[PDB]
Number of protein chains: 2
Amino acid sequence: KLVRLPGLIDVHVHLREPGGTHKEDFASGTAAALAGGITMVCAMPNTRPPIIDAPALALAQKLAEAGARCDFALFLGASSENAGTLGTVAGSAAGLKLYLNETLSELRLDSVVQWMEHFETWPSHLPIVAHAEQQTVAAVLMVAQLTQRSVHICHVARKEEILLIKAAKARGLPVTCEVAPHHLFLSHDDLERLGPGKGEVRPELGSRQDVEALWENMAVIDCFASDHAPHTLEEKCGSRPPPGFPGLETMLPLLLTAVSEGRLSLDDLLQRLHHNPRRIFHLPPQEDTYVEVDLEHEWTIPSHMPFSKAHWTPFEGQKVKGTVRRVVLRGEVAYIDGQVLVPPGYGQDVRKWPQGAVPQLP
Amino acid sequence: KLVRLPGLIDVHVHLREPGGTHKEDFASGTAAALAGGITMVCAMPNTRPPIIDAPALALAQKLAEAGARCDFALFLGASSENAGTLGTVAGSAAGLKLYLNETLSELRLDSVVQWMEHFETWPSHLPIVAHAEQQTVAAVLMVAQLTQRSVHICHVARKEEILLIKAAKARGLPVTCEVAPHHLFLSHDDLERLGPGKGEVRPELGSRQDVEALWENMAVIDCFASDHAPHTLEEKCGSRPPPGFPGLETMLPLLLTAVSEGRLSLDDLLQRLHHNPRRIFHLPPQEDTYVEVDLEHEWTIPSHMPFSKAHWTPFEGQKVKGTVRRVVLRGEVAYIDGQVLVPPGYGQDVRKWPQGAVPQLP
Ligand SMILES: O=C1C[C@@H](C(=O)O)NC(=O)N1
Ligand SMILES: O=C1C[C@@H](C(=O)O)NC(=O)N1
Ligand SMILES: [Zn+2]
Ligand SMILES: [Zn+2]
Ligand SMILES: [Zn+2]
Ligand SMILES: [Zn+2]
Ligand SMILES: [Zn+2]
Ligand SMILES: [Zn+2]
Ligand SMILES: [Zn+2]
Ligand SMILES: [Zn+2]
C-alpha cells in the first residue's frame, strides 16, 4: 500500500549549468530530483558564469527551460557590484542569495556594508537567503533587523546556529531556516569512512552533539533542503576537493526512514518539504502533481545513485526504509521505479506562472 | 492598479445550516465570504442538529454541496458521547472541534478526561481545534502534551493567552493559533457604542492592552479567521443575546487598512489568510482562483454589509482603505463590485478532492 504525497519542493540545489555540466546539468539534476520525489527545485546562482546579472539570468532561464524535467525557480546571486542593479529582474528569480562565508570570487562580499546595501536595495517583498555559518548567522540577523526585513538561513548545521535561530524566533524576529540531510544523518563519526576529500562540505559535518541538537530542535527547522552540490569523484578525491555532497536522490529515503522510526511525523516531513517551502518562497501549487512512496521497502544506499552525474554518495552503506515508486508532474508520469519518463524541457519556470509571481503592493 | 492575491481561506465560520437558517445559510454565508475575498471556508459544527455524528455530517455535507458558492470543509464536533465513534468519517471532515468553555448542551464536555478521550481516539494525523479561553488554553495544551499531539487554539483574544502560546512555542510545543478581526480592531473602548447586547461575543472584547498585546505578538499568530457568527439584530438586541459577530465581509478590508498603515505587511497577511490555513488544516490549492483588491479606495463600514443575513456589523462607522473588486473561483467570475455571480451549489467539499485528503501512514 503506497502513500500519496504532494509534490515536494527542494529550495536549495546546485545544478551546475551553465559551466559545470560534467558535474551535473539541468537534465541530469532534475532527473535526480524526480527520482527523489521532488517536483520543484530552486537552483543556486554559483554557476560559471554566476547568475549575478540580467544577461546571466536570461541564459540560465533558457538553459533550464530546455533541460529541466521538473519545475524550477532560479536564484540571483549577490555580488560586490550588483546591489541596486537587479530591480527589473528580481521578481523573476526565486530570491537573492548571499554567500557570506567562503565562495567564488565573483560572489564574495568583503564587508557587512555590502550585505546592508543588498538588504536595502533588493525589493522588500522578495526572498533573501544567506549562506551564513556560526557567528555569521548572528551578523546577518543583525543586518536584517537594521533593514527591517526577513532572512532565510541556509543549511543550519550546528547546535550553536539552531539555538541562535531559536532565540531569535523567541524574540519574534522574522527568520526562517533550512537543514540538509547530511547534517541530520552524518557526523564527525562518519569522517573515518568518508575520508577528508569526500567528507569536505560547507557547512562541515557536525559533531554528534550538533546532530542531536538539530533533532531536538526540529520545531525550529522550517524546511529541509538537500544542498545538492554535485562534484565528481575525481574532484572530491583530488588535491583540492571542492565542498559539497549530492543529495537529491537520498533525501526523501533518509527522511522516510526517520518517519518510520518515529523520529518525526509524516506531517513534520511535509511541512518541511512542501508547505513551508511554498510559503517562504511564494512558490505556486503544481496542478495534478503527486508522489507515491512505499514505506515498507528496506534497502541499502549503494555507492552511487542512478541519476546524478556526481556518481557517488556520502550515504553509501546506510540502511533506509522508504522508496519513491511513482511521480506524476502536471498530469504526466514523470518517474516510475528507476526510470524517468519525462524528457529534458518538460519542466517550467514557476515564476512565469500567474500564480508564481510574489504578491506586492502597487 | 489592483493587487492580485491568492484565494483566501477562513478556517472559522458559522454558517448556521442546518437549523439556524434565518441567521445565515450556506448560500448567504458563502456569498458573504466571496464578497470578503474568501474562496474557501471551514464551517463549525454547532448547528441544529450539531455535527456530532455521521448522519448529521452526511446531511450537512449535502446541504453545503447544494448551497455553498465557495469551496468548503466541515468540522465535526466533540461531544460527551462520540469519542471513539468518528474514525470512519474523521478524514472527511475539516477536523475535530472541541468546545471547552460555554456552548450548546450537546457539545458540552464536563471533564478534562473527556478531552483526553477525544485526543486519544481522534486519528492522530487529523486536525484538532479548541475553543479555549484563559486558563483553558493551558489546560488543553496539557492534554495535548499528555497525548503527544498538536492542537490549534481558536480566536485568541487576550494578552494572557497570546503570551501563554508564545511561551509554549518557545518550548517547541506543537501549538498553532488564530485571531479574529474583532480582537484586533475592537476593544472595551467600543462597548459604549455597541451596547451590551451587540457587544456580546465569546471570547469577549479585550482591553486596549489585550489588543496591543496581540499586535505586538503578531509573530505568534498563525492564522486570521473571522469567527463569523451571524445572529440577527433582533437576537443580539433581545433579552438573551447570543454571543458572536458577523465578520466575513469586513475581515479583509480591516486587515488591508492595517497593511496600508504599515501595521503588518502584505506577506504577513497572506501567511495568515492563505499559507498557514493551508498547512495547518491540509487544505488543497484551488486551481485558477484569485482575488483582486483595490488598496486605495477609502470607505466607511455601513450599518450592515450586503450579504450576511445577520444584517448588522460591530464595525459600523470604522474607516477602511481596501476593497475586494473581483474574485475568480476555479476559472469562473464569482464576485465583482457588490454582485455575487456564482449560484448556490457552485462550491465543493475540498475533502473529496484527491489533493484534499490528509496524508497518513498506511
Ligand atoms: O556553500 C557551499 C556551496 C556548495 C557548492 O559546491 O556549490 N557546496 C558546499 O558544500 N557548500
Ligand atoms: O464560541 C462562540 C460560538 C459563536 C456562535 O454563535 O456559534 N459565537 C461566539 O461569540 N463564540
Ligand atoms: Zn551554502
Ligand atoms: Zn538554502
Ligand atoms: Zn548551496
Ligand atoms: Zn505566497
Ligand atoms: Zn469559539
Ligand atoms: Zn477556530
Ligand atoms: Zn466559533
Ligand atoms: Zn498538507
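Note: ideal-geometry Cβ built from the backbone for every residue, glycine included; neighbour counts use all protein chains shown. Derivation of every value follows stated rules applied to the coordinates shown; laboratory data play no part.
Going by a ≥ b ≥ c, the root eigenvalues of the Cα gyration tensor, does region A:204-289 fall in the rounded group (a/c under 1.5), the prolate group (a/b larger than b/c) or the oblate group? Oblate.
What is the local net charge at B:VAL328, summed over the other residues whose Cβ is closer than 14 Å to its Cβ (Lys, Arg +1; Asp, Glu -1)?
Values: positive: B:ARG4, B:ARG69, B:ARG325, B:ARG326, B:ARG330; negative: B:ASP71, B:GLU287, B:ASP288, B:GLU292, B:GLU332, B:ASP337.
Summing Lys and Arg as +1 and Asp and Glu as -1 gives -1.
One residue of chain A places its C-beta nearer than any other to the axis carrying A onto B; that residue and its whole-Å distance are A:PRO285, 2. A point 7 Å from Cα along Cα→Cβ stands in for A:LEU104, and the other copies hold the same point at 6.3 nm, listed in rising order.
Counting from the shortest, the label point at A:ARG48, 7 Å from Cα toward Cβ, is 7.6 nm from the same position in each remaining copy. Given region B:239-338, what whole percent of its Cα pairs are spread farther than 16 Å? For region B:239-338, the share of Cα pairs beyond 16 Å comes to 65 percent. Take B:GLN148, push a point 7 Å out from Cα through the beta-carbon direction, and compare it with the same point in every other copy: 4.6 nm, smallest first.
For chain B, what are the DSSP H helices with axial Cα length of 15 Å or more and mean Kyte-Doolittle hydropathy of at least 0.5? Mind dumping the intermediate values first?
Details: long enough: B:54-67 (20 Å, 0.66); B:135-146 (17 Å, 1.65); B:159-170 (16 Å, 0.27); B:248-260 (19 Å, 1.51).
Flagged H segments are B:54-67, B:135-146, B:248-260.
Mind checking region A:232-265 for GluC sites (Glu not before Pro) that DSSP puts in a loop (not H, G, I, E or B) and that have at most 16 other Cβ atoms within 10 Å?
Working: sites: A:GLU234, A:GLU235, A:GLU249, A:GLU261; in loops: A:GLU261.
Counting only loop positions with at most 16 other Cβ atoms within 10 Å, the GluC sites (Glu not before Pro) in region A:232-265 are A:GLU261.
Under the rule a/c < 1.5 gives rounded, and otherwise a/b versus b/c splits prolate from oblate, where does region B:306-361 land using the Cα gyration tensor?
Details: a/c = 2.35, a/b = 1.82, b/c = 1.29.
Prolate shape, in that a/c is at least 1.5 and a/b is the bigger ratio.
Using only the Cα atoms, work out Rg/Rh for the protein assembly as shown, with Rh taken as the Kirkwood radius, to two decimals.
Values: Rg = 25.6 Å, Rh = 26.4 Å.
Ratio of gyration radius to Kirkwood radius: 0.97.
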